[PDB]
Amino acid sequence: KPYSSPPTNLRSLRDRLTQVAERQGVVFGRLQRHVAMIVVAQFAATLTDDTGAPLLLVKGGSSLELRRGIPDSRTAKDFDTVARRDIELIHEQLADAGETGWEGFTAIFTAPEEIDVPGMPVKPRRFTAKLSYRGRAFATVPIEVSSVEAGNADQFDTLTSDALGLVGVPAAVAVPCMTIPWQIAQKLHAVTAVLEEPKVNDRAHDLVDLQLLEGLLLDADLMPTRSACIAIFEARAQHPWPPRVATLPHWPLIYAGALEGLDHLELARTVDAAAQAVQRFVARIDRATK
């Protein structure tokens, strides 16, 4: 019943994914996207400095999916990371990792393209990973790499998934991820940000993620989060801490879309209630003391 040998080719891989997807009540395309993300995360995990510490930390929706699993996180598309040092050399190192491969997977990476974010000195970069399993194309993963901000790469959590073990690839998965205090700080900044006039803030989905991250902190002391928040809002030098969690007129349906598949969770069911919940969390963070 549990595959003893790894898949022999892509067809057997997809074949096995579809069976695991139905087996645990998940959409096939999501499980396959999840596996593609894990493969690229394992490439990233081979990148270390000369003391063995990670060079790349995962963040964004990929990290939330690793923390909570597929059923309890939003479906997200990209592989967002923070580069611990020198961003230009990350691409070359990933390309080498993908050429060497991991458990039969290989990757070719497209050229990095800068993107403008006013609050960051060094601009993030975006590119794509073209994944193949035993020579035959498998999936495509959008990748975003941003430079370190304050102490958001000082520490990392190490997360796992058994998805590849379920289709017969047993090699252990261990993914360094940006810690929750810094995820909260950056999402709070993004969801409360006022963009330059032409652009508009669409990030109502961050209201879902912030509720999920708050729940993941359980009873933890909020002082690390408060410090991280203060550090991000000051480094970025835009709107100050603590922010106001305002809702824009087009967010009701964007927030509703972000709830898709999460009916079983205890979440705010309207954007107003979501804004009120995240505003309470902001105040709870601000009250923390050493």
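Start at 1 with the first residue shown and count on from there.
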Per the entry, higher mean C-alpha B factor between 171 to 179 and 100 to 108: 100 to 108
23 to 31 or 256 to 264, whichever carries the higher mean Cα B-factor: 23 to 31
Candidate set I184, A150, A163, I87 [ranked by C-alpha B-factor, highest]: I87
Among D80, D206, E114, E214 - the residue whose C-alpha B-factor is largest in the record: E114
Chain-wide C-alpha B factor ranking for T75, given as lowest, middle or highest third: highest
Record-listed C-alpha B factor of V40: chain third: middle
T18 by Cα B-factor - lowest, middle or highest third of the modelled chain: highest
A235 - Cα temperature factor, lowest/middle/highest third of chain: highest
Modelled-residue ranking by C-alpha temperature factor, third containing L210: lowest
